[PDB]
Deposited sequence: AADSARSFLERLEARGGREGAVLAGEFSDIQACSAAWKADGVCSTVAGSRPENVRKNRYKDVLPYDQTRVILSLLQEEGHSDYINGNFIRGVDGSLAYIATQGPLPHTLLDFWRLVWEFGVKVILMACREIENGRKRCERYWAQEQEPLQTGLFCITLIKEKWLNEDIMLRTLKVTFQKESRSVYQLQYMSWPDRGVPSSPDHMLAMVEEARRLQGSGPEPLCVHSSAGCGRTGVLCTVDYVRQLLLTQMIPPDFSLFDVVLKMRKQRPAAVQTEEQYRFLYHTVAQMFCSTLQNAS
């Protein structure tokens, strides 16, 4: 049943690609090297467009897409784990859109390969990326699987606080080592986010499966906490819409099943 539903979801994604969900910007010769993976490009229709430092001739491109939230606002930015040479673009994104919380679902190294560059911290070790200065104010464990880093970010004489939550043990294609710790991540993200329309920044290595699982869980939790559930509410519909905004948002049958069980638990 769930396996049939997820298969239907993949059929629709395949159809969208054949029909022409476009990927022109991501395919520009000036942009190709900014993609972590050749097979994961952001859809033009929902891609994140960077205008910070425009006047200086900086490119508008980053491999990342907006995903709409329960209220129809632009509630998430789903993006890849930054590369050595797109760290500056990552911070441009965080700064332009007033991001207060970053959720990271991957590690720097997975399966022996580099999966995401460190863009934060560390203790007594500030990070300078272009005109950005990142300083580690404090860090601590939210729980055994999640680090919470409090960052001071400085750009053009202005300073902001940005929080980063990193989940340590969630493999690509699969599910988190602790489902309760994942929910605690989302809960703490929301506490830090507070009120305010700024999007949450969510990323994994590719910005697909683990990223989409997180966004979906927050989406449904927000629905549960803030709105009346539509009498025809459907997880199929939600995930389908997610995939329409970010490629392979929810990448795998396993993750789709995980989502269903998690959502049913949240509803109770």
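According to the record, the deposited residues with no C-alpha atom in the structure span 1-21, 42, 291-297.
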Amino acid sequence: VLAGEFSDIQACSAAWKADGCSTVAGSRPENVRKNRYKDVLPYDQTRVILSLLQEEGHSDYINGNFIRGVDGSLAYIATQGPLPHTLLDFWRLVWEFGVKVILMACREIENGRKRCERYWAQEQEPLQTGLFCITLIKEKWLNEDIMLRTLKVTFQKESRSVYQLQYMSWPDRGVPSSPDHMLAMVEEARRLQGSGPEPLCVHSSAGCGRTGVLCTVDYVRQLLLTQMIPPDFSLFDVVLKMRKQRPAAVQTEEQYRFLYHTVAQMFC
From here on, numbers count along this sequence of modelled residues.
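133-141 and 73-81 differ in mean CA B-factor, and the higher of the two is recorded for 133-141. Higher mean CA temperature factor, per the PDB entry, when comparing 222-230 with 40-48: 222-230. Among 111, 86, 166, 150, the highest C-alpha B-factor recorded in the PDB entry belongs to 111.
Per-chain ranking of the deposited C-alpha B factor places residue 98 in the middle third.
In the PDB entry, a CA B factor belonging to the highest third of its chain's modelled residues is recorded for residue 16. Among all modelled residues in this chain, the alpha-carbon of residue 28 has a temperature factor (C-alpha) in the lowest third. When all modelled residues of the chain are sorted by CA temperature factor, residue 160 is found within the middle third. Annotation for residue 172: C-alpha temperature factor in the lowest third relative to the rest of the modelled chain, per the entry.
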